[PDB]
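Engineer:
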Amino acid sequence: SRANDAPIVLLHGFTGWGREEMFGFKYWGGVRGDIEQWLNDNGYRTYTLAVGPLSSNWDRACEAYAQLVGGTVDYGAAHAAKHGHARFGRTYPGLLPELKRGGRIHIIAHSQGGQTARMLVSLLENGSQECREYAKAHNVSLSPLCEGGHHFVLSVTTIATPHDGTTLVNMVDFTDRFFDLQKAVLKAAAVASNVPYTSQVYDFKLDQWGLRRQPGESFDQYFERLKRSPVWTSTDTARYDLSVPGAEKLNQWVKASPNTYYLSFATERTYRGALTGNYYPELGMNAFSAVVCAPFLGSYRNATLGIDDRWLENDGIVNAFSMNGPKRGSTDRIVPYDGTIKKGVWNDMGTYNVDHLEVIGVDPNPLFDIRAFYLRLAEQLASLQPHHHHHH
Ligand SMILES: [Ca+2]
Ligand SMILES: [Zn+2]
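Numbering-wise, the sequence shown is residues 4 to 395 according to the deposited numbering.
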């Protein structure tokens, strides 16, 4: 029973690109196909957001808001001044004008997109105090995203999200490995990193930072520049927010809204040793993560940061423990799924035996029925009721 008709909006993580990009190879489906199309085909209106993969959740949230209702992206004057990037970014037609007219949406987010979705909701409802103050004080204008009072989001579903960050960021060679992961994902799309394609192919959307791939520059080369850029060296980055300390900081202000349903899906593609207590990558995990990231994730302990044995189980990219919802520096409630989806709390939907990329189809896994997974999910979302009544 379909209790609602709101559309679904897909939101990628630290890798991701629009439907026209990457020669049509979809982030949402990868080698499996087109998740969006599947859903639409089954009666579930579905759209796709594309925002800065490497940008800070804040940056992304602003981009998302503009992309959704239309308009010129406004990163906030206080923010922009604080971090040293442009206040105004690209312009968007707007995907869903129904939003300004009282319609709502369901957001389905992968990886870091989960952090972004949460933030979007928080800003939409509550705005930003810092933002508002600075405006009043300096006589500058404010985006409605900073004011609050919106009623746009019915639910948020996160999949393989580092709510509490990912120890991946602690690798000695994280900078280089992280970009190799981007190269990996290009590779998946049948796209080379040593070729100076004239077409855009994969736009990092770094307009605020004044960065873009140049004529004659390969992705390898471009990445070499990015590594030394503010989108990697500043705190206003995905790098920072993805870290354990960064995620905590974000958790301190990004709270679950009582007017919104939250569903959390975890992922794991590992086994435990006996002699070590470490977690190891399972056969089938994506090649990149199996060699380069999983070993580390499955063995990295840090008493100070709070990284114990609980954090070892991983999906090749994110520690499973981080995925059920924000906990580090968080007041949000998390409840194990009991058949009943509850509002204003993290409905912990459990852990699935799929890797970070398999779950979106970017890496194959013939044993994972992806279509069924998204379809079951869509039905869940579409079943969500406006309100409830106590009963025995
Ligand atoms: Ca696989
Ligand atoms: Zn910023």
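Even for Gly, the Cβ is constructed at its ideal location relative to N, Cα and C.
Give the DSSP-derived three-state secondary structure of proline 339 in the structure shown.
Structural biologist: Numbered from 1 along the sequence shown, position 336 holds the residue referred to as residue 339. In the structure shown, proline 339 sits in a strand (DSSP, three-state: E or B).
Engineer: Is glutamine 211 near ligand 2, in the sense that its beta carbon is under 8 Å from a heavy atom of that ligand?
Structural biologist: As a first step, residue 211 must be located in the sequence shown, where it is residue number 208. At least one heavy atom of ligand 2 is nearer than 8 Å to the Cβ of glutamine 211, so yes.
Engineer: Is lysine 208 helix, strand or coil by DSSP?
Structural biologist: Position 205 of the sequence shown, counted from the start, is the residue given in the question as residue 208. Looking at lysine 208 - three-state DSSP - the assignment turns out to be coil, as it is neither helix nor strand.
Engineer: For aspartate 44 and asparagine 142, I'd like the C-alpha separation in whole angstroms.
Structural biologist: On the sequence shown, position 41 is the one that residue 44 refers to. On the sequence shown, position 139 is the one that residue 142 refers to. Between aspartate 44 and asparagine 142, the C-alpha separation is close to 49 Å.
Engineer: Are there any heavy atoms of ligand 2 lying less than 8 Å away from the beta-carbon of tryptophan 20, as far as the coordinates show?
Structural biologist: Taking the first residue of the sequence shown as 1, we reach residue 20 at position 17. Flag unset: Cβ of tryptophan 20 not near ligand 2.
Engineer: Among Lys208, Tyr205 and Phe226, which has the Cα closest to the Cα of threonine 178?
Structural biologist: The residue given as residue 178 occupies position 175 in the sequence shown. Of the listed residues, the one whose Cα sits closest to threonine 178 is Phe226.
Engineer: Apply the 10 Å Cβ neighbour rule to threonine 279 and answer buried if 16 or more other Cβ atoms are within range, or exposed otherwise.
Structural biologist: Along the sequence shown, one-based indexing puts residue 279 at 276. Exposed.
Engineer: In or out: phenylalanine 26 buried (at least 16 other Cβ within 10 Å) or exposed?
Structural biologist: Taking the sequence shown and counting its residues from 1, the one referred to as residue 26 is at position 23. That one is exposed.
Engineer: Alpha carbons only, please: which of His109, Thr307 and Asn317 is nearest the one belonging to residue 398?
Structural biologist: This structure gives no information on residue 398, because the portion of the chain shown stretches from 4 to 395.
Engineer: Under 9 Å, do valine 198 and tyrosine 264 count as touching if we go by C-beta distance?
Structural biologist: As a first step, residue 198 is located in the sequence shown; it is residue number 195 there, counting from the start. As a first step, residue 264 is located in the sequence shown; it is residue number 261 there, counting from the start. In this structure, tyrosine 264 does not lie closer than 9 Å to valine 198 by Cβ.
Engineer: In chain order, what residues place their C-beta within less than 7 Å of a heavy atom belonging to ligand 1?
Structural biologist: Ordered along the chain, the selected set is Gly287, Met288, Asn289, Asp358, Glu361, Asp366, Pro367 and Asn368.
Engineer: Short of 8 Å in beta carbon distance, which residues of its chain neighbour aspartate 77, apart from the five on each side in sequence? Order them along the chain.
Structural biologist: Looking up residue 77 in the sequence shown gives position 74. Result list for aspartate 77: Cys65, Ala69, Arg90, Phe91, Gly92, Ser146 and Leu148, in chain order.
Engineer: Would you list the residues sitting across from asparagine 350 in a DSSP beta bridge?
Structural biologist: If you number the sequence shown from 1, residue 350 lands on position 347. According to DSSP, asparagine 350 bridges with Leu266 and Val338.
Engineer: How about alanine 83: is its Cβ closer than 8 Å to a heavy atom in ligand 2?
Structural biologist: Position 80 of the sequence shown, counted from the start, is the residue given in the question as residue 83. Yes, the Cβ of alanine 83 comes within 8 Å of a heavy atom of ligand 2.
Engineer: At 3 residues or longer, and completely inside the region 135-199: list those beta strand (DSSP E) runs for me, N to C.
Structural biologist: Qualifying beta strand (DSSP E) stretches, in chain order: 156-162.
Engineer: Let's see if you can read the secondary structure: which residues bound the beta strand (DSSP E) around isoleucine 11?
Structural biologist: As a first step, residue 11 must be located in the sequence shown, where it is residue number 8. 11-14 is the extent of the beta strand (DSSP E) around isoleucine 11.
Engineer: Determine the direct distance from the alpha carbon of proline 389 to that of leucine 229, and round the result to whole angstroms.
Structural biologist: The residue labelled residue 229 in the question sits at position 226 within the sequence shown. The residue labelled residue 389 in the question sits at position 386 within the sequence shown. Whole-angstrom Cα-Cα distance: 45 Å.
Engineer: Should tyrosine 68 be counted as a contact of ligand 2 given a C-beta to heavy atom distance under 8 Å?
Structural biologist: Against the sequence shown, residue 68 aligns to sequence position 65. No, ligand 2 has no heavy atom inside 8 Å of this Cβ.
Engineer: Can you tell me whether DSSP reads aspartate 77 as helix, strand or coil?
Structural biologist: Translated into positions along the sequence shown, residue 77 becomes position 74. Looking at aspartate 77 - three-state DSSP - the assignment turns out to be strand.
Engineer: Is it the case that the CB of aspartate 239 approaches a heavy atom of ligand 2 more closely than 8 Å?
Structural biologist: For the purposes of this step, residue 239 is identified with residue 236 of the sequence shown, where counting begins at 1. Yes; taking the cut-off as 8 Å, the Cβ of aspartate 239 has a heavy atom of ligand 2 nearer than that.
Engineer: Please tell me whether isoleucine 110 and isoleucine 11 are closer than 9 Å, where the distance is taken between their beta carbons.
Structural biologist: Locating residue 110 in the sequence shown gives position 107, counting from the first residue. Locating residue 11 in the sequence shown gives position 8, counting from the first residue. Yes, Cβ-Cβ distance for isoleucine 110 and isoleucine 11 is below 9 Å.
Engineer: For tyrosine 377, does the three-state DSSP call read helix, strand or coil?
Structural biologist: Start at 1 with the first residue of the sequence shown, and residue 377 comes out as number 374. Three-state result, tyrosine 377: helix.
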